[PDB]
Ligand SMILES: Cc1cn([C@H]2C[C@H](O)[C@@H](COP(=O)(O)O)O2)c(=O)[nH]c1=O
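Presented below, as structure tokens, is a lone chain in the form solved without ligand TMP.
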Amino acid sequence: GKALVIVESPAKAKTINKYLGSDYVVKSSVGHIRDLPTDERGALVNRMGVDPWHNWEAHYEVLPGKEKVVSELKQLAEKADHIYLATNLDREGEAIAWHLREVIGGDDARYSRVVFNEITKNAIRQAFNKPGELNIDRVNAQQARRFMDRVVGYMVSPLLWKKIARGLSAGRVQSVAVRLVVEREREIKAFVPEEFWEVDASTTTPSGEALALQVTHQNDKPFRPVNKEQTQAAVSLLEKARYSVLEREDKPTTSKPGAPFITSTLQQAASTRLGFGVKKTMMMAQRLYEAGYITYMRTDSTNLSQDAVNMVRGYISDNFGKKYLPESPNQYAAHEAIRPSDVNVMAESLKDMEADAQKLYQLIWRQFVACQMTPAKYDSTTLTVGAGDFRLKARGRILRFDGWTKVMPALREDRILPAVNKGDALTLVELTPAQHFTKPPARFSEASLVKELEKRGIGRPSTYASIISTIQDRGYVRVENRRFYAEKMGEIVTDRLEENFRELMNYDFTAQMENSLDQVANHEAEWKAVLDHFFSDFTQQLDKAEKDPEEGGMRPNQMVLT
């Protein structure tokens, strides 16, 4: 018979069907088919679905209402000559393929695992031209992640209900992300703004043009009065000083476009530019991807394929001109960045996509095109003025060539200092002192927390959104006005966990676990051994935590009154 191709959703099924001949039979499994439920204890093991004491034996079970889907897959499998597992390219997608193969049954030789980073004619063609085999190491890396999460969640939570409060949840990485928010909260609560002043001067050039300056030095030392008294004293001197142009430095400068997007940078840009939260961004990215408009949205690679670069350079040449095309392609640094699958498809032409999804595509499209255009050129000028023992400065910049900024929305800049030569005298018109106060560390946004997680090597493209989502509906942290606030229970739990689960809460150790998972995926470590070491250290932490506080156990959430 024909060949059976299995995907995770109706949308992917529809799009891929356009690139698969009649000798194929596309079918979506509609989400996961199997998964986990929802010294030792049977009740605990049964709920977890995994057994840490019996070499990690797991008990997966068909999801509700999926019993029908399995039957349909089997009957389709029998009539099929070969089976192609066309799940997404990440570790989760490899695991989903594994579950499908495991459920449908039959000899492994009957299966193939195709990989593609976008759903287009050529990508699907190449993907099925040389279909690969399921990679057990990647599947094991994904299961290891799931198992460790399940252990912390199901084993730490019961301790929290007894010690702190019923209903509380615990997350392996979730707890660490909350710690970051809590530390930021305490920094802000303890912040004491420092006072500092600035003095600007309005002057006139010999011709009569206006020239604004800021005082930079006094007696050849950084000028920064800390109060009104010191500034007035400075103002008194500046009011009587003779001003003259000390030096004029005119130098060409440039601005470079950013690299194409990756998961983390897309989330930050969409948040800062479009006001989209991480959940909205990733849900819309998925829709754009499954519809065949962009490359896979879970990635940390800024690489661009040769064809993709040729495609965009052709566009830049035809639509902007040779001055916007670099001599050679820009190479930023298997996987690929998040980009339009067809540069000739505009955001306005997308079908079945809501307005905000078109806005996200536009953001992705502009970033992609811009990253292959020439730098913007400016003529920067810096005027240094002398006034008695004071030194003042003025900065200006004139755009010479827009370059890559041409593909971004037109400007609503301000500057262009007047013409002046060394030795020119300036007439003082007015002095304007200003009081300022240092500000407290900025609060995390959903995307900027992801930025922090990535910086510390804690997240992963496939888990940033889930981490952000999970830490919220738990009463530990909350988002208000698009920013995170640590809740009191978040601080209470964080302190308890840092005290009794120091290793688990440590940033470097958590980052190291991500590395361990990568080692399992690359056959540099064995999953059950990694899990044994993890469980060994964990149980030690947990055993001590369950003890009374007088013997080092976790502190109860209470205040004992006489």
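When you see a residue number, it is the position in the sequence shown, counting from 1.
Not pictured, yet referred to below: the form solved in complex with ligand TMP.
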{"property": "One stretch from 458-466, 431-439, 319-327, 187-195 that, in the entry with it bound, holds residues within 4.5 Å of ligand TMP by heavy atom", "result": "458-466"}
{"property": "Answer option from 366, 248, 393, 150, heavy atom within 4.5 Å of ligand TMP in the entry with it bound", "result": "366"}
{"property": "Contacting member of 103, 353, 345, 89, with respect to ligand TMP in the entry with it bound [4.5 Å, heavy atom]", "result": "89"}
{"property": "Interface membership of residue 227, ligand TMP in the entry with it bound, 4.5 Å heavy atom rule", "result": "no"}
{"property": "Residue 243, heavy atom within 4.5 angstroms of ligand TMP in the entry with it bound", "result": "no"}
{"property": "4.5 angstroms heavy atom contact with ligand TMP in the entry with it bound for residue 273", "result": "yes"}
{"property": "Ligand TMP contact at residue 448 in the entry with it bound, heavy atom, 4.5 Å", "result": "yes"}
{"property": "Contacts with ligand TMP in the entry with it bound - residues in 491-511 whose heavy atoms fall within 4.5 Å", "result": "none"}
